[PDB]
Amino acid sequence: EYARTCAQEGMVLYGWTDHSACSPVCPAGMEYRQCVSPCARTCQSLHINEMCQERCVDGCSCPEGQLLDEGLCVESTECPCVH
Amino acid sequence: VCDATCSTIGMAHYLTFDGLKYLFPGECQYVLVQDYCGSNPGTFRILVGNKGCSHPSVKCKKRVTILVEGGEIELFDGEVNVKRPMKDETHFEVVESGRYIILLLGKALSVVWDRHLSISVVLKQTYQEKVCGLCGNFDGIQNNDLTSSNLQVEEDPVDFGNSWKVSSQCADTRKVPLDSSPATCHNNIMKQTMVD
Amino acid sequence: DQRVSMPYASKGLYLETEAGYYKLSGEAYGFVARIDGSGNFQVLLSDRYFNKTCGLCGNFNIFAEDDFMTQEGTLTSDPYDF
Ligand SMILES: *[C@@H]1O[C@H](CO)[C@@H](O)[C@H](O)[C@H]1NC(C)=O
Ligand SMILES: [Ca+2]
Ligand SMILES: [Ca+2]
């Protein structure tokens, strides 16, 4: 809690969970990042930008590649199609 | 060839350039029309966003964000707002005349807004298949306006506009069962005649 | 009572997931709620209700001592009966 409560005030902290030996729970493929953008570029997404000027929010998210596709992190190569 | 015209007749209906009325109740933000389509520079990115507008009512106040010349001018709630002025101000123009907000943006682009819901963008002879979105491609062919963002024609428009939402994680709309009577006129044959 | 799927956007309330965590946004009504995986309610609320609200999360004023004003309105020292 203390992490977020400071973060809300306008001053965020970084990497504190690295040595704390406690990470908040998240499903497979993701673990807790800090200050990920809400507009997670997913798999079946339109490539538009500079509308998501929202503030930055903490939470768990995929690795660098491994785009989101239906609640899991899957590699960008295997983005399916839909019909 | 003349100057075509999108439209939003009512809350959830859409008329294409080539002319194709179709039904699409949405609640997310959607790409009405743009230029960034396939193999193009992508000058303008007119968007539209409705809220509480799957069922038409006194709700469904629209929001419109139009993205041209690296600017951010948008409108809703009666007035227009400049969030980011664009570079070439010379082409910019606003004509608040009568009931409308006539709004030019260039040589071959113009927007009209009834202050309430309607969005009637007007494009010139310039493009001729250089755009895509919910209004189709502006090619003259009238039965290829449902070419989804994944580059295939779809038969069912409710799946189409789902392909054109911006936030790719919001709620896509629901395939409604087809009938001649909306919710109120459903099994309300009396009212159904008076409305008729 | 009817279990619905997710996401869900009726009546101006977008019920979405963000960063693997569930969100409920009421921006028209000026709030954002969410939950994490472990279960930790959080409410981001707009300054429009400055000095107005009163509930279990206290009033949105500046002070942090007076925000036990009961459903009648009574500054109660106890954080429990409140
Ligand atoms: C809160 O409202 C009360 C009653 O109207 C008023 O007396 C008081 O000055 C207000 N305080 C703040 C911090 O706005
Ligand atoms: Ca066409
Ligand atoms: Ca307080």
# chains A, B, ... in the order shown; residues from 1 in each chain; ligands from 1
$ interface_residues --of "chain C" --to "chain A" --cutoff "7 Å" --atoms "only C-alpha atoms" --output "short mmCIF file (atom, residue, chain, number, x, y, z; two decimals) with N, CA, C and O atoms, in the first residue's frame"
data_model
loop_
_atom_site.label_atom_id
_atom_site.label_comp_id
_atom_site.auth_asym_id
_atom_site.auth_seq_id
_atom_site.Cartn_x
_atom_site.Cartn_y
_atom_site.Cartn_z
N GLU C 18 -7.20 -3.99 -16.63
CA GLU C 18 -6.03 -3.17 -16.90
C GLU C 18 -4.84 -3.77 -16.16
O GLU C 18 -4.89 -3.95 -14.94
N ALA C 19 -3.78 -4.06 -16.91
CA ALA C 19 -2.55 -4.61 -16.35
C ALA C 19 -2.82 -5.93 -15.63
O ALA C 19 -2.23 -6.22 -14.58
N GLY C 20 -3.73 -6.72 -16.18
CA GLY C 20 -4.12 -7.97 -15.55
C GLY C 20 -5.01 -7.81 -14.35
O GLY C 20 -5.30 -8.80 -13.68
N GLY C 37 -5.28 -8.78 -8.11
CA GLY C 37 -5.44 -10.22 -8.02
C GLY C 37 -5.67 -10.67 -6.59
O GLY C 37 -6.52 -11.53 -6.33
N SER C 38 -4.92 -10.10 -5.64
CA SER C 38 -5.06 -10.50 -4.25
C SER C 38 -6.40 -10.08 -3.68
O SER C 38 -6.93 -10.74 -2.78
#
$ residues_near_ligand --ligand "ligand 2" --cutoff "9 Å" --atoms "only C-alpha atoms and all ligand atoms" --output "number ranges by chain"
B: 16-20, 129, 135-147
$ write_last_selection --atoms "C-alpha atoms" --output "short mmCIF file (atom, residue, chain, number, x, y, z; two decimals), in the first residue's frame"
data_model
loop_
_atom_site.label_atom_id
_atom_site.label_comp_id
_atom_site.auth_asym_id
_atom_site.auth_seq_id
_atom_site.Cartn_x
_atom_site.Cartn_y
_atom_site.Cartn_z
CA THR B 16 -21.05 5.44 -46.32
CA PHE B 17 -19.61 7.57 -49.09
CA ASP B 18 -20.67 5.18 -51.84
CA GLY B 19 -23.96 4.96 -49.95
CA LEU B 20 -24.61 2.11 -47.56
CA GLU B 129 -9.91 5.25 -52.56
CA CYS B 135 -17.56 5.05 -44.06
CA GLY B 136 -15.86 2.62 -46.43
CA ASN B 137 -13.19 3.48 -48.96
CA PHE B 138 -14.75 6.10 -51.29
CA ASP B 139 -14.15 4.17 -54.50
CA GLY B 140 -17.58 4.23 -56.17
CA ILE B 141 -18.04 0.52 -55.60
CA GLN B 142 -20.94 0.39 -53.22
CA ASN B 143 -20.74 -3.23 -51.97
CA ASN B 144 -17.11 -3.11 -50.75
CA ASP B 145 -17.60 -0.64 -47.90
CA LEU B 146 -17.41 -3.47 -45.32
CA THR B 147 -13.71 -4.21 -45.76
#
$ residues_near_ligand --ligand "ligand 1" --cutoff "7 Å" --atoms "only C-alpha atoms and all ligand atoms" --output "list in words"
residues 50, 51, 61 and 62 of chain C
$ write_last_selection --atoms "C-alpha atoms" --output "tab-separated table (two decimals), in the first residue's frame"
chain	number	residue	atom	x	y	z
C	50	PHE	CA	-14.64	17.90	-2.25
C	51	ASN	CA	-16.27	18.32	1.16
C	61	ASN	CA	-11.57	17.29	2.60
C	62	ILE	CA	-8.03	18.27	3.48
$ closest_residue --among "C:67, C:72, C:47, C:1" --to "ligand 3" --atoms "only C-alpha atoms and all ligand atoms"
C:67
$ closest_residue --among "A:65, A:15, A:80, A:29" --to "chain B" --atoms "only C-alpha atoms"
A:80
$ closest_atom_pairs --of "chain C" --to "chain B" --cutoff "9 Å" --atoms "only C-alpha atoms" --output "JSON lines"
{"residue": "C:6", "atom": "CA", "partner": "B:171", "partner_atom": "CA", "distance": 7.4}
{"residue": "C:7", "atom": "CA", "partner": "B:171", "partner_atom": "CA", "distance": 4.7}
{"residue": "C:8", "atom": "CA", "partner": "B:171", "partner_atom": "CA", "distance": 5.2}
{"residue": "C:9", "atom": "CA", "partner": "B:171", "partner_atom": "CA", "distance": 6.0}
{"residue": "C:10", "atom": "CA", "partner": "B:52", "partner_atom": "CA", "distance": 6.5}
{"residue": "C:11", "atom": "CA", "partner": "B:52", "partner_atom": "CA", "distance": 5.3}
{"residue": "C:12", "atom": "CA", "partner": "B:52", "partner_atom": "CA", "distance": 4.9}
{"residue": "C:13", "atom": "CA", "partner": "B:52", "partner_atom": "CA", "distance": 8.3}
{"residue": "C:14", "atom": "CA", "partner": "B:170", "partner_atom": "CA", "distance": 7.4}
{"residue": "C:15", "atom": "CA", "partner": "B:171", "partner_atom": "CA", "distance": 7.9}
{"residue": "C:16", "atom": "CA", "partner": "B:170", "partner_atom": "CA", "distance": 6.3}
{"residue": "C:17", "atom": "CA", "partner": "B:169", "partner_atom": "CA", "distance": 7.8}
{"residue": "C:18", "atom": "CA", "partner": "B:169", "partner_atom": "CA", "distance": 8.9}
$ write_last_selection --atoms "N, CA and C atoms" --output "PDB file, in the first residue's frame"
ATOM      1  N   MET C   6     -17.440 -10.366 -19.525  1.00  0.00           N
ATOM      2  CA  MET C   6     -16.578  -9.229 -19.364  1.00  0.00           C
ATOM      3  C   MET C   6     -15.718  -9.158 -20.617  1.00  0.00           C
ATOM      4  N   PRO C   7     -15.368  -7.959 -21.111  1.00  0.00           N
ATOM      5  CA  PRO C   7     -15.724  -6.603 -20.692  1.00  0.00           C
ATOM      6  C   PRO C   7     -17.202  -6.302 -20.818  1.00  0.00           C
ATOM      7  N   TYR C   8     -17.584  -5.121 -20.354  1.00  0.00           N
ATOM      8  CA  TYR C   8     -18.987  -4.770 -20.224  1.00  0.00           C
ATOM      9  C   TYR C   8     -19.066  -3.276 -19.985  1.00  0.00           C
ATOM     10  N   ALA C   9     -19.996  -2.618 -20.675  1.00  0.00           N
ATOM     11  CA  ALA C   9     -19.913  -1.176 -20.861  1.00  0.00           C
ATOM     12  C   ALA C   9     -21.265  -0.490 -20.728  1.00  0.00           C
ATOM     13  N   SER C  10     -22.258  -1.178 -20.183  1.00  0.00           N
ATOM     14  CA  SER C  10     -23.602  -0.628 -20.156  1.00  0.00           C
ATOM     15  C   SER C  10     -23.685   0.595 -19.257  1.00  0.00           C
ATOM     16  N   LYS C  11     -24.618   1.482 -19.600  1.00  0.00           N
ATOM     17  CA  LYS C  11     -25.027   2.600 -18.750  1.00  0.00           C
ATOM     18  C   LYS C  11     -23.847   3.504 -18.393  1.00  0.00           C
ATOM     19  N   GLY C  12     -22.909   3.650 -19.321  1.00  0.00           N
ATOM     20  CA  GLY C  12     -21.810   4.567 -19.120  1.00  0.00           C
ATOM     21  C   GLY C  12     -20.761   4.095 -18.149  1.00  0.00           C
ATOM     22  N   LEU C  13     -20.765   2.811 -17.795  1.00  0.00           N
ATOM     23  CA  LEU C  13     -19.791   2.238 -16.870  1.00  0.00           C
ATOM     24  C   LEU C  13     -19.022   1.159 -17.614  1.00  0.00           C
ATOM     25  N   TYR C  14     -17.774   1.463 -17.934  1.00  0.00           N
ATOM     26  CA  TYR C  14     -16.922   0.532 -18.652  1.00  0.00           C
ATOM     27  C   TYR C  14     -16.238  -0.390 -17.659  1.00  0.00           C
ATOM     28  N   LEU C  15     -16.528  -1.675 -17.778  1.00  0.00           N
ATOM     29  CA  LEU C  15     -16.042  -2.705 -16.873  1.00  0.00           C
ATOM     30  C   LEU C  15     -14.960  -3.469 -17.617  1.00  0.00           C
ATOM     31  N   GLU C  16     -13.719  -3.110 -17.343  1.00  0.00           N
ATOM     32  CA  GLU C  16     -12.577  -3.547 -18.120  1.00  0.00           C
ATOM     33  C   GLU C  16     -11.493  -4.087 -17.199  1.00  0.00           C
ATOM     34  N   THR C  17     -10.468  -4.666 -17.817  1.00  0.00           N
ATOM     35  CA  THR C  17      -9.279  -5.138 -17.126  1.00  0.00           C
ATOM     36  C   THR C  17      -8.105  -4.279 -17.563  1.00  0.00           C
ATOM     37  N   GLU C  18      -7.202  -3.990 -16.630  1.00  0.00           N
ATOM     38  CA  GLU C  18      -6.028  -3.172 -16.899  1.00  0.00           C
ATOM     39  C   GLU C  18      -4.840  -3.765 -16.165  1.00  0.00           C
TER      40      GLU C  18
END
$ interface_residues --of "chain B" --to "chain A" --cutoff "8 Å" --atoms "only C-alpha atoms" --output "tab-separated table (two decimals) with N, CA and C atoms, in the first residue's frame"
chain	number	residue	atom	x	y	z
B	150	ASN	N	-8.89	-5.97	-40.72
B	150	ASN	CA	-8.09	-7.14	-41.06
B	150	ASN	C	-8.16	-7.49	-42.54
B	154	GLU	N	-16.69	-8.26	-44.62
B	154	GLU	CA	-17.58	-8.96	-43.71
B	154	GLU	C	-19.02	-8.72	-44.14
B	164	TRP	N	-13.01	-1.74	-35.97
B	164	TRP	CA	-12.56	-0.35	-36.06
B	164	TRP	C	-12.58	0.37	-34.72
B	165	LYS	N	-12.67	-0.35	-33.61
B	165	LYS	CA	-12.56	0.29	-32.32
B	165	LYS	C	-11.11	0.64	-32.03
B	166	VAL	N	-10.92	1.72	-31.29
B	166	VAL	CA	-9.58	2.17	-30.95
B	166	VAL	C	-9.04	1.37	-29.78
B	167	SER	N	-9.68	1.49	-28.62
B	167	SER	CA	-9.30	0.68	-27.47
B	167	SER	C	-9.62	-0.77	-27.77
B	168	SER	N	-8.59	-1.57	-27.99
B	168	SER	CA	-8.76	-2.96	-28.40
B	168	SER	C	-9.09	-3.88	-27.23
$ select_by_dssp --residues "chain A" --states "strand (DSSP E)" --output "PyMOL selection string"
chain A and resi 31-36+57-61
$ residues_near_ligand --ligand "ligand 3" --cutoff "8 Å" --atoms "only C-alpha atoms and all ligand atoms" --output "list in words"
residues 58, 59, 60, 61, 62, 63, 64, 65, 66, 67 and 68 of chain C
$ write_last_selection --atoms "C-alpha atoms" --output "short mmCIF file (atom, residue, chain, number, x, y, z; two decimals), in the first residue's frame"
data_model
loop_
_atom_site.label_atom_id
_atom_site.label_comp_id
_atom_site.auth_asym_id
_atom_site.auth_seq_id
_atom_site.Cartn_x
_atom_site.Cartn_y
_atom_site.Cartn_z
CA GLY C 58 -14.24 9.37 4.95
CA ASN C 59 -14.85 12.81 3.50
CA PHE C 60 -12.73 14.25 0.70
CA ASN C 61 -11.57 17.29 2.60
CA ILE C 62 -8.03 18.27 3.48
CA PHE C 63 -8.20 17.14 7.09
CA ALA C 64 -7.38 13.57 8.07
CA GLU C 65 -8.63 13.67 11.68
CA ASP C 66 -12.27 14.67 11.23
CA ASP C 67 -13.21 12.09 8.63
CA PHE C 68 -15.36 9.98 10.95
#
$ closest_residue --among "B:120, B:63, B:81, B:25" --to "residue 174 in chain B" --atoms "only C-alpha atoms"
B:25
$ residues_around --residues "residue 109 in chain B" --least-positions-apart "3" --cutoff "10 Å" --atoms "only C-alpha atoms" --output "PyMOL selection string"
chain B and resi 44+91+103-106+121-124+126
$ write_last_selection --atoms "N, CA, C and O atoms" --output "PDB file, in the first residue's frame"
ATOM      1  N   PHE B  44      -4.961  12.570 -42.061  1.00  0.00           N
ATOM      2  CA  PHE B  44      -6.035  12.869 -41.127  1.00  0.00           C
ATOM      3  C   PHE B  44      -6.607  11.590 -40.538  1.00  0.00           C
ATOM      4  O   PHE B  44      -6.656  10.543 -41.189  1.00  0.00           O
ATOM      5  N   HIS B  91      -5.456  27.059 -43.424  1.00  0.00           N
ATOM      6  CA  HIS B  91      -6.599  26.282 -43.872  1.00  0.00           C
ATOM      7  C   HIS B  91      -7.674  26.155 -42.810  1.00  0.00           C
ATOM      8  O   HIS B  91      -8.819  25.830 -43.144  1.00  0.00           O
ATOM      9  N   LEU B 103     -17.022  23.265 -40.619  1.00  0.00           N
ATOM     10  CA  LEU B 103     -15.658  23.174 -40.115  1.00  0.00           C
ATOM     11  C   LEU B 103     -14.785  22.648 -41.246  1.00  0.00           C
ATOM     12  O   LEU B 103     -14.812  21.453 -41.555  1.00  0.00           O
ATOM     13  N   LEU B 104     -14.023  23.547 -41.855  1.00  0.00           N
ATOM     14  CA  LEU B 104     -13.060  23.161 -42.865  1.00  0.00           C
ATOM     15  C   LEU B 104     -11.725  22.839 -42.214  1.00  0.00           C
ATOM     16  O   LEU B 104     -11.425  23.271 -41.096  1.00  0.00           O
ATOM     17  N   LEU B 105     -10.923  22.066 -42.933  1.00  0.00           N
ATOM     18  CA  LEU B 105      -9.603  21.680 -42.465  1.00  0.00           C
ATOM     19  C   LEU B 105      -8.549  21.703 -43.554  1.00  0.00           C
ATOM     20  O   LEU B 105      -7.394  21.367 -43.276  1.00  0.00           O
ATOM     21  N   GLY B 106      -8.900  22.086 -44.772  1.00  0.00           N
ATOM     22  CA  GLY B 106      -7.984  21.938 -45.875  1.00  0.00           C
ATOM     23  C   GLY B 106      -8.713  22.130 -47.184  1.00  0.00           C
ATOM     24  O   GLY B 106      -9.872  22.546 -47.227  1.00  0.00           O
ATOM     25  N   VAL B 121     -19.031  14.539 -42.652  1.00  0.00           N
ATOM     26  CA  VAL B 121     -17.761  14.941 -43.239  1.00  0.00           C
ATOM     27  C   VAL B 121     -17.892  14.882 -44.752  1.00  0.00           C
ATOM     28  O   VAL B 121     -18.552  13.991 -45.298  1.00  0.00           O
ATOM     29  N   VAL B 122     -17.252  15.829 -45.429  1.00  0.00           N
ATOM     30  CA  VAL B 122     -17.336  15.968 -46.876  1.00  0.00           C
ATOM     31  C   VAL B 122     -15.925  15.929 -47.433  1.00  0.00           C
ATOM     32  O   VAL B 122     -15.072  16.733 -47.038  1.00  0.00           O
ATOM     33  N   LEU B 123     -15.688  14.992 -48.342  1.00  0.00           N
ATOM     34  CA  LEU B 123     -14.412  14.836 -49.014  1.00  0.00           C
ATOM     35  C   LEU B 123     -14.596  15.138 -50.490  1.00  0.00           C
ATOM     36  O   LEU B 123     -15.674  14.928 -51.055  1.00  0.00           O
ATOM     37  N   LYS B 124     -13.533  15.620 -51.108  1.00  0.00           N
ATOM     38  CA  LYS B 124     -13.577  16.058 -52.486  1.00  0.00           C
ATOM     39  C   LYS B 124     -13.142  14.922 -53.400  1.00  0.00           C
ATOM     40  O   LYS B 124     -12.944  13.780 -52.977  1.00  0.00           O
ATOM     41  N   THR B 126     -10.351  14.461 -54.512  1.00  0.00           N
ATOM     42  CA  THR B 126      -8.925  14.195 -54.343  1.00  0.00           C
ATOM     43  C   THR B 126      -8.643  12.720 -54.101  1.00  0.00           C
ATOM     44  O   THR B 126      -7.779  12.129 -54.758  1.00  0.00           O
TER      45      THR B 126
END
$ select_by_dssp --residues "range 11-64 of chain A" --states "helix (DSSP H, G or I)" --output "list in words"
residues 17, 18, 19 and 20 of chain A
$ decode --residues "range 11-28 of chain A" --atoms "N, CA, C and O atoms" --output "compact mmCIF listing (two decimals), in the first residue's frame"
# COMPACT_ATOMS: atom_id res chain seq x y z
N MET A 11 4.74 11.58 -6.62
CA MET A 11 6.13 11.13 -6.54
C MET A 11 6.10 9.61 -6.49
O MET A 11 5.68 9.02 -5.49
N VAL A 12 6.53 9.00 -7.56
CA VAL A 12 6.55 7.54 -7.68
C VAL A 12 7.91 7.02 -7.28
O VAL A 12 8.93 7.73 -7.35
N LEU A 13 7.94 5.77 -6.85
CA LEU A 13 9.15 5.04 -6.50
C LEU A 13 9.33 3.89 -7.47
O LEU A 13 8.42 3.51 -8.20
N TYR A 14 10.54 3.31 -7.46
CA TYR A 14 10.96 2.40 -8.51
C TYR A 14 11.69 1.19 -7.95
O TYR A 14 12.47 1.32 -7.00
N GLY A 15 11.42 0.03 -8.54
CA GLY A 15 12.20 -1.17 -8.29
C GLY A 15 12.28 -1.61 -6.85
O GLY A 15 13.13 -2.43 -6.50
N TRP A 16 11.40 -1.09 -6.00
CA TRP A 16 11.44 -1.42 -4.58
C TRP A 16 11.14 -2.89 -4.32
O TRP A 16 11.66 -3.45 -3.35
N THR A 17 10.32 -3.52 -5.16
CA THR A 17 9.99 -4.93 -4.99
C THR A 17 11.15 -5.86 -5.32
O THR A 17 11.04 -7.07 -5.08
N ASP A 18 12.24 -5.33 -5.89
CA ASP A 18 13.34 -6.17 -6.33
C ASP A 18 13.94 -6.95 -5.17
O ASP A 18 14.17 -8.16 -5.28
N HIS A 19 14.18 -6.27 -4.05
CA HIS A 19 14.80 -6.87 -2.88
C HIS A 19 13.82 -7.12 -1.75
O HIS A 19 14.20 -7.72 -0.74
N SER A 20 12.56 -6.68 -1.88
CA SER A 20 11.59 -6.87 -0.82
C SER A 20 11.16 -8.32 -0.66
O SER A 20 10.51 -8.64 0.35
N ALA A 21 11.49 -9.20 -1.61
CA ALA A 21 11.12 -10.61 -1.56
C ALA A 21 9.60 -10.80 -1.48
O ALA A 21 9.12 -11.78 -0.92
N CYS A 22 8.85 -9.86 -2.04
CA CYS A 22 7.40 -10.01 -2.17
C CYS A 22 6.95 -9.26 -3.40
O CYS A 22 7.15 -8.04 -3.50
N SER A 23 6.34 -9.99 -4.34
CA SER A 23 5.74 -9.43 -5.53
C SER A 23 4.23 -9.67 -5.50
O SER A 23 3.80 -10.74 -5.06
N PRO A 24 3.41 -8.71 -5.93
CA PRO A 24 1.97 -8.97 -5.94
C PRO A 24 1.61 -10.00 -6.99
O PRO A 24 2.23 -10.10 -8.05
N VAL A 25 0.57 -10.77 -6.68
CA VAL A 25 0.20 -11.92 -7.51
C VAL A 25 -0.36 -11.45 -8.84
O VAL A 25 -1.11 -10.47 -8.91
N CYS A 26 -0.01 -12.18 -9.90
CA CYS A 26 -0.57 -11.97 -11.23
C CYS A 26 -0.59 -13.30 -11.95
O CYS A 26 0.16 -14.22 -11.60
N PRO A 27 -1.43 -13.45 -12.98
CA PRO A 27 -1.49 -14.73 -13.68
C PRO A 27 -0.22 -15.01 -14.48
O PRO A 27 0.71 -14.21 -14.50
N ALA A 28 -0.21 -16.17 -15.13
CA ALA A 28 0.98 -16.62 -15.85
C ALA A 28 1.30 -15.68 -17.01
O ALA A 28 0.43 -15.01 -17.56
